[PDB]
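Okay, so here's the structure we're looking at.
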Ligand SMILES: *[C@@H]1O[C@H](CO)[C@@H](O[C@@H]2O[C@H](CO)[C@@H](O[C@@H]3O[C@H](CO[C@H]4O[C@H](CO)[C@@H](O)[C@H](O)[C@@H]4O)[C@@H](O)[C@H](O[C@H]4O[C@H](CO)[C@@H](O)[C@H](O)[C@@H]4O[C@H]4O[C@H](CO)[C@@H](O)[C@H](O)[C@@H]4O)[C@@H]3O)[C@H](O)[C@H]2NC(C)=O)[C@H](O)[C@H]1NC(C)=O
Ligand SMILES: *[C@@H]1O[C@H](CO)[C@@H](O[C@@H]2O[C@H](CO)[C@@H](O[C@@H]3O[C@H](CO[C@H]4O[C@H](CO)[C@@H](O)[C@H](O)[C@@H]4O)[C@@H](O)[C@H](O[C@H]4O[C@H](CO)[C@@H](O)[C@H](O)[C@@H]4O)[C@@H]3O)[C@H](O)[C@H]2NC(C)=O)[C@H](O)[C@H]1NC(C)=O
Ligand SMILES: *[C@@H]1O[C@H](CO)[C@@H](O[C@@H]2O[C@H](CO)[C@@H](O[C@@H]3O[C@H](CO)[C@@H](O)[C@H](O)[C@@H]3O)[C@H](O)[C@H]2NC(C)=O)[C@H](O)[C@H]1NC(C)=O
Ligand SMILES: *[C@@H]1O[C@H](CO)[C@@H](O[C@@H]2O[C@H](CO)[C@@H](O[C@@H]3O[C@H](CO)[C@@H](O)[C@H](O)[C@@H]3O)[C@H](O)[C@H]2NC(C)=O)[C@H](O)[C@H]1NC(C)=O
Ligand SMILES: *[C@@H]1O[C@H](CO)[C@@H](O[C@@H]2O[C@H](CO)[C@@H](O)[C@H](O)[C@H]2NC(C)=O)[C@H](O)[C@H]1NC(C)=O
Ligand SMILES: *[C@@H]1O[C@H](CO)[C@@H](O[C@@H]2O[C@H](CO)[C@@H](O)[C@H](O)[C@H]2NC(C)=O)[C@H](O)[C@H]1NC(C)=O
Ligand SMILES: *[C@@H]1O[C@H](CO)[C@@H](O[C@@H]2O[C@H](CO)[C@@H](O)[C@H](O)[C@H]2NC(C)=O)[C@H](O)[C@H]1NC(C)=O
Ligand SMILES: *[C@@H]1O[C@H](CO)[C@@H](O)[C@H](O)[C@H]1NC(C)=O
Ligand SMILES: *[C@@H]1O[C@H](CO)[C@@H](O)[C@H](O)[C@H]1NC(C)=O
Ligand SMILES: *[C@@H]1O[C@H](CO)[C@@H](O)[C@H](O)[C@H]1NC(C)=O
Ligand SMILES: *[C@@H]1O[C@H](CO)[C@@H](O)[C@H](O)[C@H]1NC(C)=O
Ligand SMILES: *[C@@H]1O[C@H](CO)[C@@H](O)[C@H](O)[C@H]1NC(C)=O
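Structure (structure tokens):
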């Protein structure tokens, strides 16, 4: 119970132990009209992230395994260099260039190609 | 080929580009209140569609297999005829009489009997 | 119909679950907007729990959290065949947030990380 | 060995108060959703829910709604500020003469009109209390049935009982999304066009024991009431410009009803002793009179001809007070522009508002009770569809 | 052995009307900035049928402009103390008494109004109350993009020449309609969309004379307007705080107009016959907002005769039309509301492109007079290519796959 | 052999500005009440850089106050229908006033101050009296961030508002921040722990104001000691016009300020304190509301000093105000029956500077946004970015 954003200064490997704490607190007459569009933005801010999580073969929360091979050009770092000597804030900075490449590769990467073959496979 | 790109193509070919209309299905003081109701309407029309996918055994996006048998009385046709010689706009009009029959059949014939089945089945 | 088995037994009530879930979703009119804005954050708040719990798509879902006897140690027949949900929610009411907290972490956290380990093989 | 299992959609509710929305029959009625051509009502077998019609939030949201929606009916209408002037009057009606502002600032205008005795007072009535705005002549004041409903995630339970005083356990309960379309009728002392009780008449009070607490009566047999404004009037629209313009000038059923009322009323008072009926003890003009709007015209009668008793039709004395400050709202006063031609009004009486001595008097005062003559059936609950319960089910990893 | 399958994101839409929002390039403060490059997706092998006459987008834009403009008069000074008897002489030099900053005193002041703003005993008091415009705000036109929210889309008829009705073979869809000019011009279209190939003629009913006839140019016609007098405005103090601001031919080329008209008469073509005479005539009469080419230029209202343009006869085989300022106006025929335009320091000169015409005709050779009346027609000269659709992404269809049990 | 994997809830946030809602334990009513025990989460090994000068919260708080205050004069009585003799701070002015009826008039005996007077309002703007039912009593306000966002708090005892913060925490809601409208002197603000600190957008530039935060609070009493009376003259219809510091503790504080000034101007230089040179009356004076009547008190008795290296103030009243330089809008304060007494804490100063070894310091004024900055220096809004992709050598089961 390290709290919301608790493991921010911790390594990536340790910060993935406390994932369910930043995810549950992700949705948490004039004048009052200024609190309404904050509520409204809060859900479109949340459905946008989960549509991706849906277009990607995940939906299932917190962690998700993929069939996208990580080409070296994205990082070229031993997982020990990443999980045990780096924070998520640092990592998001390194890959910032290739992130939207990965996002596009994910959806096409399996589900477009993965859900379709299950359709073929689930025929027999 | 972009949003609504395969509207004029055959059903078989239009299902390859499902993720382009699905990703652009949520699309990321008075007078400004007119733009607020719009994006409030945006989520409730999206959630109304996805509530069905929820009570159906889908959840996973774009394509989903089911166990509801396709009844002959509803659009009895050659598979090649349906997917290689028909557009979705044409198809949505022909099954139009039997759609909400299928919608209701889906929620009960498939998930309601399927998860209680698993509930009984996962006993040992 | 909606809320049909409210007076029925828990066992008979879980048959008709899909009826309460399908129906679960300029001034003056501003009062109707907050109603339908609350409606979705009222719905997603329930679906977030179903998400961090490993269910999400399921109306009934099974888990591997053992039912600790401290919570309503009663024979299974009593709970399903001799109680209504309104009576049950009152007895569990002390332990419900314990269950809720145990559901998210006690398995899914060690259960997702397990498959993450198992999927590396 | 047992394991928890999450169930979604379990029938579990708790009492709750929230914002409710509006419905407008078959179609402030501008954005109200049309009602389902057939609403749906679901009975709750083996269910007992307890009601407290006197501690119900629905009335206090309906009452806070009518007062505020009504004010909107006065915002695009002509303000009357230039009509607080010395009146030179002569002889219930009065032919008052007065100087009036024109379209131009400098020029003036002499005009005569026709006002009632209640709307005027001797100069040593509204100016004394508040400013005033005339109503828009384009809007209609016909009462229309209104359905109060609960949004998604909530529900309303209704007591499916023929005889119910509004409190205690309800054995036959149903739930609906929408209250039956309801008439927000503005009546004094006497209820008009309300919900008629099934089978025998009953009486309702927050506290019987406190005579200060009003005593609501709901008829079973309806009482027709005919009233009329029988003089063919004409109105001249004097130009208080620019643009703005001011528009200047059976007891056979009552005894059978009371006879049924005495018996039910006597049961609480006891079988041995007798009750007395008397006229209003006093207060504002709104309690003393059976004041309601009719044909677009506001209308008042002393009901002393009905309430004299110890246990062919009897007319009631009937006057008109053109200006009103309803709901004890000061600062806001409305002038009712009269209508061309003679008005005939026909409605039935459906209940009574009665007060008690330290004998029965016609009630008045707070309008919440009027809504409670309809909202006794209803209470709002919140839905809690998440359930965890043990079963023999296991999830595989 | 066939089974159903749910498909999500299927390309299916239906005609529908909903609330649309605004975008304003890079009342226009609440409009979200337009994407620096929008995206347009052609719909191959798609034929959609349009009915510009039954467009909802037009009647939403029009109701928008009306309710938008009323907001432009709320924080502005109300003129109520300006309904006073006017002592006038010949433009007219009128004198009048005035309320001062304090309640007691009065003030004599003289101003300068137009013959149309006044009547012998101002015209508005007879009709409605009045509010002057805020001098801080401006009425210059900015391109406005109407956009459809998520779950909806807007279809565009790509084809170079379109009547506004019937089947469109080349269709596309975008989130936002192009930069549409919200300009209220009367008789002649100003700064509008110029047709790609040949000028289009469009009317709700061609055979019916009573339905106004819209024309769309392909060659723009230049036009110069000017208020050539250096005015000075003096702010008399109708306090407290509030202050009233007390106090013209327009030109188009003829060499292009003869060239333009000849394309127009040939554009009529079959509709009235190849073998027929075509008549042009001045306005038959009506409201001052119909009889003249009314438009706002540089914050003042210029009400010009088109009588010089419209008299011609056409057999099968630098002219200038002047103007008088209109002063107060109740645009959109809205009564109870009235705006007085506060005059501006300096001389005004503005030049806009003419892009089309609004014309009415008489029933029986046929004659044509300048059109006017409702401003909805002005919007339909831009929204002819557009219509709104809902997106219905759920699809069920037979397949041969089965899920687990 | 490594593969992408999707993580949700990863602790990643970016600087951002957005609309914030309100939290309140009459303007405060309708503002969503506070949680009985908030949660504050420390961010270990985290160093976040703050820039109090480029904070959007202040300017969202400032724009909120201005636009919520005008709503406090909307349902109130308009004073558009509005001979004097006495020096005398007040003047007994008579005037003819309209009654309920347009024709009849009424003579009146009223008492206005020299500063409010024709009244000064007409030359500039229209005027509206405040509703006498609503109150201007300061009550703590919490500013909160909606879902998907968070607020970072610098848990440093001594912080000038810029640079890196080695101990950062996050909260959904700021602390109970006092919206106290005071000038020159900050009243009931946040008290700095231990040593007092000094903050200016640019230290080198004299024109930039210089905000001082006390650690030892300064008790201050002001009192309107005359028992006034209210006769509600009938300016109908319906509407009605309502007609009529320790020197022992201050030097201890100042003596800490010269040590607080420290090396910023040099140890050797002398520090002189002088009154404001002039400007608008809201700058020249420690203007604040107390008990509903607006106080203007001369602070020349506190700022007269020359500090080498090694207490009552006058007060006057204005019946009407145009706060925030807002013209077109003017509020008349209906006076209160009885004597007025207040006891507040002076919590900080706002100071300006002059253009050898001579340093002159004046009381502060200008934008009221600076005083909000005396509370919002510890805060900044961040946007939560919970989606992450990384390699973990797991592959999806097929
Ligand atoms: C907080 O407030 C302080 C003031 O209290 C303020 O500090 C001032 O900052 C400005 C710049 O931001 C400084 O102005 C610059 O000063 C340099 C150096 O000036 C000294 O040396 C020259 C030459 O000996 C003397 O004349 C002068 O009196 C000083 O002794 C100047 O060189 C700068 O001018 C150059 O750049 C300009 C660019 O626009 C040119 O227009 C100009 O012609 C000059 O160009 C020449 O020099 C360049 C190198 O500087 C060279 O690259 C060119 O090719 C060309 O040869 C400029 O005037 C000022 O001195 C500071 N004053 C103090 C007291 O500190 C802070 O900026 C403020 N903080 C913030 C955040 O705003
Ligand atoms: C609905 O309306 C009715 C009235 O119409 C209200 O009923 C009254 O309720 C109050 C209390 O809520 C009752 O007052 C209490 O009565 C007790 C018993 O009184 C009887 O016995 C004594 C002794 O023999 C006699 O003197 C008396 O005349 C009665 O015969 C008293 O014991 C109480 O006083 C005690 O408690 C107080 C506490 O403050 C002490 O100060 C006293 O010294 C003493 O110890 C008390 O007076 C009253 O009798 C009720 N009247 C009726 C007619 O029922 C209901 O309250 C109201 N409903 C609601 C919700 O308010
Ligand atoms: C009590 O309810 C009755 C309905 O049973 C109300 O009587 C109804 O009154 C309305 C208007 O007050 C009548 O509508 C009018 O009809 C005339 C004639 O067609 C038309 O010219 C008007 O434009 C308007 O539509 C309606 O006919 C009438 N119904 C009956 C059955 O008489 C009565 O007003 C209610 N009483 C109160 C106090 O609200
Ligand atoms: C149709 O489009 C023409 C453009 O060709 C518009 O003319 C332009 O009008 C704007 C304002 O209406 C002018 O901008 C102003 O310029 C003056 C002088 O430079 C300046 O003082 C103002 O601050 C503002 O910038 C612009 O110069 C002018 N351009 C031309 C070429 O005339 C015309 O207004 C449009 N017609 C209608 C009816 O909207
Ligand atoms: C789909 O339709 C085609 C016709 O378009 C069917 O083809 C016919 O098949 C029969 C025998 O199965 C032949 O005798 C005909 O000559 C064929 N006609 C053509 C035009 O090909 C085909 O059978 C249908 N597919 C299925 C699976 O039934
Ligand atoms: C402001 O007034 C308060 C009283 O309201 C003064 O506080 C008193 O201080 C004396 C000694 O200075 C104590 O004996 C009293 O017990 C205090 N009373 C209260 C209620 O605090 C305070 O000293 C005054 N401030 C100044 C600067 O004189
Ligand atoms: C600063 O806070 C003090 C309390 O420490 C406030 O003093 C209170 O003022 C109210 C009315 O303004 C009185 O009802 C209380 O009795 C006072 N309490 C004390 C202890 O003096 C003071 O008003 C605040 N200052 C400002 C400017 O809001
Ligand atoms: C990823 O690696 C592939 C080779 O497998 C290469 O084509 C591509 O350029 C790399 N990604 C980027 C962003 O360059
Ligand atoms: C096939 O569908 C029809 C409805 O179109 C339904 O009545 C019938 O029962 C279905 N077939 C069978 C075998 O049930
Ligand atoms: C009351 O009015 C009805 C018509 O609405 C009429 O038939 C009846 O005779 C009237 N009765 C009395 C007693 O006025
Ligand atoms: C009450 O009056 C209505 C007409 O408004 C009439 O139709 C109805 O029958 C009356 N009530 C009863 C119980 O008959
Ligand atoms: C009229 O305007 C045009 C631009 O459209 C300009 O070139 C021309 O100079 C103007 N007329 C005269 C006489 O200058």
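Protein chains in written order, with my numbering: chain D, 1 to 124; chain V, 125 to 248; chain B, 249 to 369; chain Y, 370 to 766; chain U, 767 to 1171; chain R, 1172 to 1569. Where is the CB? At the ideal position from N, CA and C, for every residue including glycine.
For residue i, the three-state DSSP class (helix, strand or coil)
i, result
"residue 1457 of chain R", "strand"
"residue 193 of chain V", "strand"
"residue 489 of chain Y", "coil"
"residue 915 of chain U", "coil"
Enclosing alpha helix (DSSP H) for residue i [first to last residue]
i, result
"residue 758 of chain Y", "Residue 758 of chain Y -> not in any alpha helix (DSSP H); beta strand (DSSP E) instead, spanning 755-760."
"residue 977 of chain U", "No alpha helix (DSSP H) contains residue 977 of chain U, which DSSP labels as neither H nor E."
"residue 1244 of chain U", "Here chain U has residues from 767 to 1171 only, and residue 1244 of chain U is not among them."
"residue 228 of chain V", "223-229"
"residue 1023 of chain U", "1021-1034"
Integer Cβ distance of residue i from residue j, believed to fall under 8 Å
i, j, result
"residue 40 of chain D", "residue 285 of chain B", "6 Å"
C-beta neighbour in chain A for residue i, strict 8 Å
i, result
"residue 687 of chain Y", "The chain inventory of the structure shown lacks chain A, comprising the protein chains D, V, B, Y, U and R."
The beta strand (DSSP E) enclosing residue i, as first and last residue numbers
i, result
"residue 571 of chain Y", "571-573"
Distance cut-off 7 Å: residue i Cβ against heavy atoms of ligand 3
i, result
"residue 918 of chain U", "no"
Near ligand 6: residue i beta-carbon under 7 Å from a heavy atom
i, result
"residue 437 of chain Y", "no"
Problem - the stretch 464-474 of chain Y touching the stretch 594-612 of chain Y, judged by at least three CB pairs closer than 8 Å - result: yes
Exercise for the section: Indicate whether the contact test is met: 3 or more Cβ pairs, each with one atom in the stretch 849-861 of chain U and one in the stretch 887-905 of chain U, closer than 8 Å. Expected result: yes
Exercise for the section: Could you tell me whether the stretch 1052-1059 of chain U touches the stretch 1119-1138 of chain U, using the rule of 3 or more Cβ pairs below 8 Å? Expected result: yes
Problem - contact_flag[the stretch 1008-1024 of chain U, the stretch 986-1000 of chain U] where n(CB pairs < 8 Å) is 3 or more - result: yes
Problem - the stretch 139-148 of chain V / the stretch 768-783 of chain U touching (three or more Cβ pairs under 8 Å) - result: yes
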